[PDB]
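Next up, work.cif (mmCIF, C-alpha atoms and all ligand atoms):
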```cif
data_work
loop_
_atom_site.group_PDB
_atom_site.id
_atom_site.type_symbol
_atom_site.label_atom_id
_atom_site.label_comp_id
_atom_site.auth_asym_id
_atom_site.auth_seq_id
_atom_site.Cartn_x
_atom_site.Cartn_y
_atom_site.Cartn_z
ATOM 1 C CA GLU A 818 15.718 33.180 35.122
ATOM 2 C CA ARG A 819 17.330 35.011 38.051
ATOM 3 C CA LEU A 820 16.170 31.931 39.942
ATOM 4 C CA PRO A 821 18.724 29.106 40.375
ATOM 5 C CA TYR A 822 18.585 25.463 39.268
ATOM 6 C CA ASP A 823 19.645 22.593 41.511
ATOM 7 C CA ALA A 824 20.467 19.706 39.132
ATOM 8 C CA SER A 825 21.165 17.435 42.092
ATOM 9 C CA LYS A 826 17.548 17.679 43.165
ATOM 10 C CA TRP A 827 15.680 17.970 39.855
ATOM 11 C CA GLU A 828 17.748 16.412 37.024
ATOM 12 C CA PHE A 829 16.362 13.118 35.691
ATOM 13 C CA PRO A 830 18.052 10.800 33.128
ATOM 14 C CA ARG A 831 16.527 10.860 29.634
ATOM 15 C CA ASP A 832 16.765 7.082 29.097
ATOM 16 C CA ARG A 833 14.546 6.717 32.136
ATOM 17 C CA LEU A 834 11.644 8.215 30.229
ATOM 18 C CA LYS A 835 9.512 6.349 27.715
ATOM 19 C CA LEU A 836 7.795 9.028 25.631
ATOM 20 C CA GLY A 837 4.289 7.915 24.740
ATOM 21 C CA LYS A 838 1.406 9.629 22.981
ATOM 22 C CA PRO A 839 1.091 13.429 22.612
ATOM 23 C CA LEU A 840 -1.560 15.240 24.630
ATOM 24 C CA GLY A 841 -1.010 18.781 23.400
ATOM 25 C CA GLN A 847 4.168 20.399 23.386
ATOM 26 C CA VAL A 848 2.972 18.057 26.127
ATOM 27 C CA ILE A 849 3.561 14.310 25.897
ATOM 28 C CA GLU A 850 2.485 11.359 28.047
ATOM 29 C CA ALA A 851 5.346 9.146 29.234
ATOM 30 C CA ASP A 852 6.526 6.608 31.779
ATOM 31 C CA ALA A 853 9.420 7.513 34.047
ATOM 32 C CA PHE A 854 11.342 4.918 35.999
ATOM 33 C CA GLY A 855 12.527 5.991 39.409
ATOM 34 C CA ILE A 856 11.287 9.569 39.006
ATOM 35 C CA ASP A 857 10.447 9.552 42.718
ATOM 36 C CA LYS A 858 11.441 7.806 45.970
ATOM 37 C CA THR A 859 9.004 4.901 45.395
ATOM 38 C CA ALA A 860 11.537 3.746 42.747
ATOM 39 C CA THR A 861 8.531 2.341 40.863
ATOM 40 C CA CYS A 862 7.250 3.186 37.374
ATOM 41 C CA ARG A 863 5.088 6.281 36.993
ATOM 42 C CA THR A 864 3.003 7.890 34.280
ATOM 43 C CA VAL A 865 3.999 11.514 33.759
ATOM 44 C CA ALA A 866 3.389 14.502 31.482
ATOM 45 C CA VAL A 867 6.352 15.966 29.631
ATOM 46 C CA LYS A 868 6.693 19.388 28.034
ATOM 47 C CA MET A 869 9.530 19.523 25.511
ATOM 48 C CA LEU A 870 11.098 21.771 22.912
ATOM 49 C CA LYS A 871 10.652 20.937 19.232
ATOM 50 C CA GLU A 872 13.630 20.110 17.008
ATOM 51 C CA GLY A 873 15.837 23.189 16.591
ATOM 52 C CA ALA A 874 13.680 25.536 18.635
ATOM 53 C CA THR A 875 14.408 29.249 18.786
ATOM 54 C CA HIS A 876 16.767 29.987 21.661
ATOM 55 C CA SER A 877 13.906 32.163 22.818
ATOM 56 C CA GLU A 878 11.558 29.201 23.188
ATOM 57 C CA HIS A 879 14.363 27.522 25.144
ATOM 58 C CA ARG A 880 14.698 30.107 27.917
ATOM 59 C CA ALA A 881 10.924 30.319 27.821
ATOM 60 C CA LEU A 882 10.588 26.640 28.742
ATOM 61 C CA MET A 883 13.585 27.037 31.059
ATOM 62 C CA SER A 884 11.875 29.805 33.015
ATOM 63 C CA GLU A 885 8.730 27.678 33.102
ATOM 64 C CA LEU A 886 10.836 25.096 34.976
ATOM 65 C CA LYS A 887 12.287 27.671 37.375
ATOM 66 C CA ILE A 888 8.863 29.180 38.060
ATOM 67 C CA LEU A 889 7.699 25.725 39.156
ATOM 68 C CA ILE A 890 10.852 25.167 41.237
ATOM 69 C CA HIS A 891 10.473 28.577 42.883
ATOM 70 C CA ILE A 892 6.681 28.404 43.446
ATOM 71 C CA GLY A 893 7.120 25.230 45.428
ATOM 72 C CA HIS A 894 4.685 22.449 46.143
ATOM 73 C CA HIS A 895 0.910 22.715 46.630
ATOM 74 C CA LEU A 896 -1.751 20.052 46.152
ATOM 75 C CA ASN A 897 -3.773 22.292 43.866
ATOM 76 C CA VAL A 898 -0.968 23.335 41.532
ATOM 77 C CA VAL A 899 0.472 20.964 38.921
ATOM 78 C CA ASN A 900 3.451 19.204 40.547
ATOM 79 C CA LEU A 901 6.972 19.270 39.108
ATOM 80 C CA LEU A 902 8.651 15.868 39.215
ATOM 81 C CA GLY A 903 11.959 16.512 37.436
ATOM 82 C CA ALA A 904 13.702 17.795 34.322
ATOM 83 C CA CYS A 905 16.253 17.019 31.615
ATOM 84 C CA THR A 906 18.418 20.098 31.196
ATOM 85 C CA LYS A 907 21.958 18.842 30.742
ATOM 86 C CA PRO A 908 23.426 18.443 27.238
ATOM 87 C CA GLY A 909 22.763 15.242 25.318
ATOM 88 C CA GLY A 910 19.135 15.603 24.356
ATOM 89 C CA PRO A 911 16.220 18.037 24.290
ATOM 90 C CA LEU A 912 15.108 20.160 27.241
ATOM 91 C CA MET A 913 12.227 18.494 29.120
ATOM 92 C CA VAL A 914 10.149 19.611 32.121
ATOM 93 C CA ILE A 915 8.294 16.779 33.854
ATOM 94 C CA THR A 916 5.138 16.968 35.948
ATOM 95 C CA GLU A 917 2.682 14.603 37.581
ATOM 96 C CA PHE A 918 0.017 13.186 35.269
ATOM 97 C CA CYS A 919 -3.683 14.137 35.612
ATOM 98 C CA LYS A 920 -5.575 11.446 33.698
ATOM 99 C CA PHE A 921 -8.974 13.155 33.322
ATOM 100 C CA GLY A 922 -7.618 16.241 31.558
ATOM 101 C CA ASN A 923 -8.971 19.795 31.666
ATOM 102 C CA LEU A 924 -11.955 20.522 33.903
ATOM 103 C CA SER A 925 -13.986 22.021 31.092
ATOM 104 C CA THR A 926 -14.070 18.993 28.818
ATOM 105 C CA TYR A 927 -14.617 16.799 31.856
ATOM 106 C CA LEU A 928 -17.647 18.748 33.136
ATOM 107 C CA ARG A 929 -19.185 18.707 29.687
ATOM 108 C CA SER A 930 -18.975 14.930 29.694
ATOM 109 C CA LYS A 931 -20.998 14.682 32.921
ATOM 110 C CA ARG A 932 -24.055 16.708 31.961
ATOM 111 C CA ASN A 933 -26.223 13.587 31.875
ATOM 112 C CA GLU A 934 -24.647 12.395 35.124
ATOM 113 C CA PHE A 935 -25.634 15.171 37.527
ATOM 114 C CA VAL A 936 -27.818 15.577 40.608
ATOM 115 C CA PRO A 937 -27.549 18.419 43.126
ATOM 116 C CA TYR A 938 -27.183 15.959 45.945
ATOM 117 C CA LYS A 939 -27.638 12.252 46.717
ATOM 118 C CA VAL A 990 -30.137 10.177 48.614
ATOM 119 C CA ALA A 991 -30.455 6.393 49.164
ATOM 120 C CA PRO A 992 -30.377 4.261 47.092
ATOM 121 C CA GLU A 993 -27.100 5.984 46.161
ATOM 122 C CA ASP A 994 -25.975 3.409 43.549
ATOM 123 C CA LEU A 995 -28.416 5.165 41.287
ATOM 124 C CA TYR A 996 -25.694 7.801 41.149
ATOM 125 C CA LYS A 997 -22.373 5.926 40.874
ATOM 126 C CA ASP A 998 -19.797 8.530 39.807
ATOM 127 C CA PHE A 999 -22.302 11.368 39.527
ATOM 128 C CA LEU A 1000 -21.410 15.027 39.635
ATOM 129 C CA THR A 1001 -23.177 17.003 42.367
ATOM 130 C CA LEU A 1002 -23.270 20.510 43.801
ATOM 131 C CA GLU A 1003 -20.677 19.403 46.351
ATOM 132 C CA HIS A 1004 -18.347 18.504 43.512
ATOM 133 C CA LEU A 1005 -18.809 21.858 41.803
ATOM 134 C CA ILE A 1006 -18.267 23.852 44.994
ATOM 135 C CA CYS A 1007 -15.344 21.620 45.931
ATOM 136 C CA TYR A 1008 -13.583 22.202 42.610
ATOM 137 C CA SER A 1009 -14.103 25.953 43.104
ATOM 138 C CA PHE A 1010 -12.745 25.762 46.622
ATOM 139 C CA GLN A 1011 -9.603 23.901 45.521
ATOM 140 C CA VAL A 1012 -8.821 26.339 42.710
ATOM 141 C CA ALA A 1013 -9.265 29.190 45.148
ATOM 142 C CA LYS A 1014 -6.695 27.619 47.470
ATOM 143 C CA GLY A 1015 -4.299 27.084 44.590
ATOM 144 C CA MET A 1016 -4.712 30.708 43.599
ATOM 145 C CA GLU A 1017 -4.273 31.921 47.188
ATOM 146 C CA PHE A 1018 -1.051 29.871 47.124
ATOM 147 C CA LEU A 1019 0.175 31.384 43.853
ATOM 148 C CA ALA A 1020 -0.899 34.897 44.810
ATOM 149 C CA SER A 1021 0.904 34.702 48.169
ATOM 150 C CA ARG A 1022 4.046 34.233 46.096
ATOM 151 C CA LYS A 1023 3.559 37.284 43.859
ATOM 152 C CA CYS A 1024 2.589 34.924 41.060
ATOM 153 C CA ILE A 1025 -0.002 36.060 38.500
ATOM 154 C CA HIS A 1026 -1.735 33.387 36.393
ATOM 155 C CA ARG A 1027 -2.682 35.596 33.411
ATOM 156 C CA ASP A 1028 -5.010 32.965 31.939
ATOM 157 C CA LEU A 1029 -7.110 31.417 34.689
ATOM 158 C CA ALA A 1030 -9.824 29.354 32.955
ATOM 159 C CA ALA A 1031 -11.264 25.825 33.039
ATOM 160 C CA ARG A 1032 -8.951 24.636 30.250
ATOM 161 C CA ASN A 1033 -6.037 25.370 32.575
ATOM 162 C CA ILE A 1034 -7.447 23.311 35.401
ATOM 163 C CA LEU A 1035 -6.579 19.602 35.260
ATOM 164 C CA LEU A 1036 -8.427 16.774 37.017
ATOM 165 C CA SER A 1037 -6.676 13.873 38.766
ATOM 166 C CA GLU A 1038 -7.948 10.887 40.713
ATOM 167 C CA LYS A 1039 -10.228 11.455 43.730
ATOM 168 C CA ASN A 1040 -11.565 14.766 42.456
ATOM 169 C CA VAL A 1041 -8.355 16.678 43.028
ATOM 170 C CA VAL A 1042 -7.925 19.608 40.657
ATOM 171 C CA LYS A 1043 -4.673 21.328 39.773
ATOM 172 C CA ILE A 1044 -3.758 24.727 38.338
ATOM 173 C CA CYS A 1045 -1.266 24.813 35.457
ATOM 174 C CA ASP A 1046 0.179 27.074 32.745
ATOM 175 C CA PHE A 1047 0.429 30.149 34.941
ATOM 176 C CA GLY A 1048 2.756 33.121 34.468
ATOM 177 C CA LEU A 1049 3.205 32.409 30.760
ATOM 178 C CA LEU A 1067 -10.572 34.019 22.411
ATOM 179 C CA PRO A 1068 -9.053 34.566 25.878
ATOM 180 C CA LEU A 1069 -10.643 38.037 25.952
ATOM 181 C CA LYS A 1070 -13.585 36.284 27.520
ATOM 182 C CA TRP A 1071 -11.576 35.696 30.708
ATOM 183 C CA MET A 1072 -9.777 39.051 30.786
ATOM 184 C CA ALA A 1073 -10.687 41.803 33.233
ATOM 185 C CA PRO A 1074 -11.674 45.212 31.713
ATOM 186 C CA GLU A 1075 -8.414 46.851 32.831
ATOM 187 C CA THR A 1076 -6.432 43.963 31.215
ATOM 188 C CA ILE A 1077 -8.242 44.472 27.911
ATOM 189 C CA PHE A 1078 -8.154 48.290 27.804
ATOM 190 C CA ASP A 1079 -4.916 48.902 29.726
ATOM 191 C CA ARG A 1080 -3.025 45.615 29.325
ATOM 192 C CA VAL A 1081 -2.657 45.458 33.103
ATOM 193 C CA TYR A 1082 -2.298 42.039 34.777
ATOM 194 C CA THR A 1083 -2.679 41.994 38.559
ATOM 195 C CA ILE A 1084 -3.779 39.479 41.169
ATOM 196 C CA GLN A 1085 -7.120 41.268 41.092
ATOM 197 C CA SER A 1086 -7.439 40.679 37.341
ATOM 198 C CA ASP A 1087 -6.950 36.965 38.062
ATOM 199 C CA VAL A 1088 -9.907 37.265 40.438
ATOM 200 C CA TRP A 1089 -12.083 38.526 37.560
ATOM 201 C CA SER A 1090 -10.951 35.430 35.656
ATOM 202 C CA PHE A 1091 -11.781 33.254 38.653
ATOM 203 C CA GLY A 1092 -15.262 34.652 38.192
ATOM 204 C CA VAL A 1093 -15.471 33.399 34.613
ATOM 205 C CA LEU A 1094 -14.058 30.074 35.788
ATOM 206 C CA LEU A 1095 -16.797 29.789 38.393
ATOM 207 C CA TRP A 1096 -19.345 30.310 35.675
ATOM 208 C CA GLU A 1097 -17.717 27.625 33.531
ATOM 209 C CA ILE A 1098 -17.887 25.208 36.451
ATOM 210 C CA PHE A 1099 -21.546 25.921 37.207
ATOM 211 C CA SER A 1100 -22.518 25.784 33.542
ATOM 212 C CA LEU A 1101 -20.922 22.334 33.413
ATOM 213 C CA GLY A 1102 -18.342 23.112 30.748
ATOM 214 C CA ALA A 1103 -20.131 25.806 28.747
ATOM 215 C CA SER A 1104 -18.418 28.495 26.756
ATOM 216 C CA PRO A 1105 -18.784 31.927 28.408
ATOM 217 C CA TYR A 1106 -20.835 34.695 26.790
ATOM 218 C CA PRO A 1107 -22.807 32.328 24.550
ATOM 219 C CA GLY A 1108 -23.856 33.746 21.193
ATOM 220 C CA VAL A 1109 -21.987 37.003 21.771
ATOM 221 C CA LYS A 1110 -19.443 38.172 19.225
ATOM 222 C CA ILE A 1111 -16.111 39.284 20.679
ATOM 223 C CA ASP A 1112 -15.704 42.762 19.191
ATOM 224 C CA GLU A 1113 -15.756 46.453 20.128
ATOM 225 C CA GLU A 1114 -19.348 46.306 21.323
ATOM 226 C CA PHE A 1115 -18.550 43.366 23.634
ATOM 227 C CA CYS A 1116 -15.658 45.167 25.364
ATOM 228 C CA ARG A 1117 -17.694 48.339 25.688
ATOM 229 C CA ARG A 1118 -20.532 46.575 27.523
ATOM 230 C CA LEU A 1119 -17.984 44.919 29.811
ATOM 231 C CA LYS A 1120 -17.009 48.470 30.679
ATOM 232 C CA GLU A 1121 -20.587 49.769 30.830
ATOM 233 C CA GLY A 1122 -21.101 47.111 33.514
ATOM 234 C CA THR A 1123 -22.965 44.312 31.681
ATOM 235 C CA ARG A 1124 -22.421 40.764 33.004
ATOM 236 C CA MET A 1125 -23.228 37.128 32.135
ATOM 237 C CA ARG A 1126 -26.511 35.791 33.522
ATOM 238 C CA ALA A 1127 -26.535 32.958 36.080
ATOM 239 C CA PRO A 1128 -25.506 29.537 34.682
ATOM 240 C CA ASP A 1129 -27.901 26.550 34.845
ATOM 241 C CA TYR A 1130 -26.248 24.677 37.744
ATOM 242 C CA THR A 1131 -25.461 27.659 39.920
ATOM 243 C CA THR A 1132 -26.813 28.335 43.397
ATOM 244 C CA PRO A 1133 -27.872 31.861 44.432
ATOM 245 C CA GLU A 1134 -24.789 32.472 46.599
ATOM 246 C CA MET A 1135 -22.391 31.199 43.938
ATOM 247 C CA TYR A 1136 -23.750 33.546 41.263
ATOM 248 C CA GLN A 1137 -23.283 36.426 43.655
ATOM 249 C CA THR A 1138 -19.683 35.326 44.211
ATOM 250 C CA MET A 1139 -19.289 35.523 40.451
ATOM 251 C CA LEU A 1140 -20.748 39.029 40.331
ATOM 252 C CA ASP A 1141 -18.476 40.032 43.206
ATOM 253 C CA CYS A 1142 -15.450 38.765 41.287
ATOM 254 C CA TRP A 1143 -16.637 40.797 38.301
ATOM 255 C CA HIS A 1144 -16.715 44.078 40.141
ATOM 256 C CA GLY A 1145 -15.746 47.038 37.960
ATOM 257 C CA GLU A 1146 -13.209 48.388 40.466
ATOM 258 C CA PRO A 1147 -10.389 45.850 40.982
ATOM 259 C CA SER A 1148 -9.897 47.045 44.559
ATOM 260 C CA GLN A 1149 -13.523 46.225 45.333
ATOM 261 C CA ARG A 1150 -13.101 42.617 44.237
ATOM 262 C CA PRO A 1151 -12.669 39.853 46.821
ATOM 263 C CA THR A 1152 -9.165 38.515 47.394
ATOM 264 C CA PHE A 1153 -8.424 34.838 46.879
ATOM 265 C CA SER A 1154 -8.118 34.504 50.662
ATOM 266 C CA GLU A 1155 -11.611 35.883 51.155
ATOM 267 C CA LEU A 1156 -12.870 33.575 48.396
ATOM 268 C CA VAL A 1157 -11.293 30.564 50.091
ATOM 269 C CA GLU A 1158 -13.123 31.316 53.328
ATOM 270 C CA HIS A 1159 -16.397 32.052 51.530
ATOM 271 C CA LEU A 1160 -16.381 28.948 49.312
ATOM 272 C CA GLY A 1161 -15.262 26.987 52.334
ATOM 273 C CA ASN A 1162 -18.399 28.028 54.229
ATOM 274 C CA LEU A 1163 -20.595 27.370 51.207
ATOM 275 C CA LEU A 1164 -19.108 23.889 50.978
ATOM 276 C CA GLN A 1165 -19.985 23.236 54.618
ATOM 277 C CA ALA A 1166 -23.464 24.714 54.248
ATOM 278 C CA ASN A 1167 -24.089 22.371 51.326
ATOM 279 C CA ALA A 1168 -22.803 19.379 53.295
ATOM 280 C CA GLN A 1169 -25.062 20.081 56.249
ATOM 281 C CA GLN A 1170 -28.028 20.468 53.916
ATOM 282 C CA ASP A 1171 -27.043 17.196 52.246
ATOM 283 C CA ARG A 1172 -26.855 15.395 55.556
ATOM 284 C CA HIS A 1173 -30.478 16.401 56.163
ATOM 285 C CA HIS A 1174 -31.678 15.489 52.697
ATOM 286 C CA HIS A 1175 -29.980 12.136 53.183
ATOM 287 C CA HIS A 1176 -31.330 11.515 56.672
ATOM 288 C CA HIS A 1177 -35.009 12.249 55.963
ATOM 289 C CA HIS A 1178 -35.219 10.232 52.768
HETATM 290 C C1 LIG B 1201 -4.968 13.758 29.873
HETATM 291 O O1 LIG B 1201 -4.580 15.001 29.281
HETATM 292 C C2 LIG B 1201 -3.543 15.754 29.889
HETATM 293 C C3 LIG B 1201 -3.085 15.523 31.232
HETATM 294 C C4 LIG B 1201 -2.052 16.293 31.815
HETATM 295 N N1 LIG B 1201 -1.614 16.074 33.116
HETATM 296 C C5 LIG B 1201 -0.618 16.827 33.680
HETATM 297 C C6 LIG B 1201 0.032 17.862 32.968
HETATM 298 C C7 LIG B 1201 -0.378 18.129 31.613
HETATM 299 O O2 LIG B 1201 0.200 19.129 30.794
HETATM 300 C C8 LIG B 1201 1.065 20.091 31.327
HETATM 301 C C9 LIG B 1201 0.509 21.312 31.818
HETATM 302 C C10 LIG B 1201 1.343 22.317 32.359
HETATM 303 C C11 LIG B 1201 2.789 22.142 32.427
HETATM 304 C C12 LIG B 1201 3.697 23.154 32.984
HETATM 305 C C13 LIG B 1201 3.237 24.453 33.538
HETATM 306 O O3 LIG B 1201 2.158 24.593 34.114
HETATM 307 N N2 LIG B 1201 4.109 25.516 33.377
HETATM 308 C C14 LIG B 1201 3.808 26.845 33.859
HETATM 309 C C15 LIG B 1201 4.168 26.746 35.321
HETATM 310 C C16 LIG B 1201 4.814 27.736 34.411
HETATM 311 C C17 LIG B 1201 5.090 22.872 32.994
HETATM 312 C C18 LIG B 1201 5.605 21.650 32.491
HETATM 313 C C19 LIG B 1201 4.743 20.657 31.956
HETATM 314 C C20 LIG B 1201 3.343 20.886 31.919
HETATM 315 C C21 LIG B 1201 2.484 19.873 31.371
HETATM 316 C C22 LIG B 1201 -1.425 17.332 31.042
HETATM 317 C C23 LIG B 1201 -1.868 17.574 29.703
HETATM 318 C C24 LIG B 1201 -2.919 16.792 29.114
HETATM 319 O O4 LIG B 1201 -3.276 17.112 27.763
HETATM 320 C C25 LIG B 1201 -3.385 18.477 27.353
#
```
Do you think you could lay out the structure here as structure tokens?
Amino acid sequence: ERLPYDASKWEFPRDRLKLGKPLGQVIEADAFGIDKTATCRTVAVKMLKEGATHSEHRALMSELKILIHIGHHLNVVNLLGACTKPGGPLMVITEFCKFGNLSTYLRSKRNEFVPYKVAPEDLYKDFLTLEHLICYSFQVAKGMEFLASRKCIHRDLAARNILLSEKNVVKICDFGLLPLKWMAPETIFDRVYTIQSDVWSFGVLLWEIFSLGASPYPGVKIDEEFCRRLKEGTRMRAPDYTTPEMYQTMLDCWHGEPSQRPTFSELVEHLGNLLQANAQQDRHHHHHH
């Protein structure tokens, strides 16, 4: 809230928005002239319900200022404008990501997956591959490195909070706002949220990605015994689409001591190298077959 609000730069006229169908509250809409292109654009709008508690108002208002303060980054949902002046409801507008959350998307591609491609490639039009999985991981790491470098803590980093746009570009959203499955031990037992606890979560996210949309800790009940084992040191087993290195990155993220966990910067470099390693390998697979 301390943060300022430049209406000149962000305010957008309400009658320039055509509110469409709901998505989640979040609504799909068309905005005319929302950006320089002065064209029509599909956008996602988060708005307050009729007569919302003045608490929900500043809540959504701070959501808008967080976005304005954080700034722009390709891997973080982009703020396009807002309706804050009197005359209608408060609305925060962001770019639209047509494919939705990464989790649901990955689940829908389980029958359309191959670790890598070889000619004839049309046998794999729009197929998910290891490069895709590692690439999504890389992008989210960069987004997190971006948020972290700004003292911003996600608090709920999971696949459902990752959105997918055109050309396999993923974006982080709903930051700084059961979920026990993504919470680090210290967050559960001490209620402590740090950048390092977001790393633990990144670990669960990795698992989601390499399980192609699976729910973490399958078959396990989330009770006292579950939390205890998390403390004892017990960890999920490798997911079905993981590579050896990736599962170790998960384990690293799930280190008991927060300080011993990798930083998002380290993770960006690591996943970056994995991505290249995979590409080289793929070039060979592709060249000899
Ligand atoms: C096709 O399905 C969807 C596509 C979507 N594409 C883009 C954005 C969507 O919802 C969102 C997600 C996060 C925010 C935040 C925000 O992240 N605020 C925190 C930054 C403080 C602030 C303001 C509006 C938002 C709209 C979408 C929702 C969908 O359905 C659920």
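Reported to one decimal place, the separation of atom CA of residue 1030 of chain A from atom CA of residue 1117 of chain A is 21.8 Å.
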Kindly indicate which residue among A:1003, A:1146, A:818, A:850 lies nearest to ligand LIG 1201 (chain B), using all atoms listed in the file for the distances.
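Using all atoms listed in the file, ligand LIG 1201 (chain B) sits closest to A:850.
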As a VMD selection string, please: the residues near residue 886 of chain A (cut-off 12 Å, only C-alpha atoms, same-chain neighbours under 2 positions excluded).
chain A and resid 818 820 to 824 827 to 828 867 to 869 879 to 884 888 to 893 899 to 906 912 to 916 1046 to 1049
With a distance cut-off of 12 Å and all atoms listed in the file, select the neighbouring residues of residue 1019 of chain A, excluding the residue or stretch itself and same-chain residues fewer than 4 positions from it, and output the selection as a VMD selection string.
chain A and resid 888 to 889 891 to 899 1012 to 1015 1023 to 1027 1029 1043 to 1048 1084 1087 1153 to 1154
For those residues, write C-alpha atoms to a file as a CSV table (one decimal), keeping the file's coordinate frame.
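The resulting file, selection-v3.csv, is shown below:
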```csv
chain,number,residue,atom,x,y,z
A,888,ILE,CA,8.9,29.2,38.1
A,889,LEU,CA,7.7,25.7,39.2
A,891,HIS,CA,10.5,28.6,42.9
A,892,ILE,CA,6.7,28.4,43.4
A,893,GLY,CA,7.1,25.2,45.4
A,894,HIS,CA,4.7,22.4,46.1
A,895,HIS,CA,0.9,22.7,46.6
A,896,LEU,CA,-1.8,20.1,46.2
A,897,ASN,CA,-3.8,22.3,43.9
A,898,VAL,CA,-1.0,23.3,41.5
A,899,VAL,CA,0.5,21.0,38.9
A,1012,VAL,CA,-8.8,26.3,42.7
A,1013,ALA,CA,-9.3,29.2,45.1
A,1014,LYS,CA,-6.7,27.6,47.5
A,1015,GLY,CA,-4.3,27.1,44.6
A,1023,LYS,CA,3.6,37.3,43.9
A,1024,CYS,CA,2.6,34.9,41.1
A,1025,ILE,CA,0.0,36.1,38.5
A,1026,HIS,CA,-1.7,33.4,36.4
A,1027,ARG,CA,-2.7,35.6,33.4
A,1029,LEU,CA,-7.1,31.4,34.7
A,1043,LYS,CA,-4.7,21.3,39.8
A,1044,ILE,CA,-3.8,24.7,38.3
A,1045,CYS,CA,-1.3,24.8,35.5
A,1046,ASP,CA,0.2,27.1,32.7
A,1047,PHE,CA,0.4,30.1,34.9
A,1048,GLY,CA,2.8,33.1,34.5
A,1084,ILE,CA,-3.8,39.5,41.2
A,1087,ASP,CA,-7.0,37.0,38.1
A,1153,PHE,CA,-8.4,34.8,46.9
A,1154,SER,CA,-8.1,34.5,50.7
```
State, in Å with one decimal place, the distance from atom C22 of ligand LIG 1201 (chain B) to atom CA of residue 1089 of chain A.
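For atom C22 of ligand LIG 1201 (chain B) relative to atom CA of residue 1089 of chain A, the distance reads 24.6 Å.
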Here is a test: counting all atoms listed in the file, which residue of A:1173, A:907, A:932, A:831 is nearest to residue 1129 of chain A?
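Selected residue with least distance to residue 1129 of chain A: A:932.
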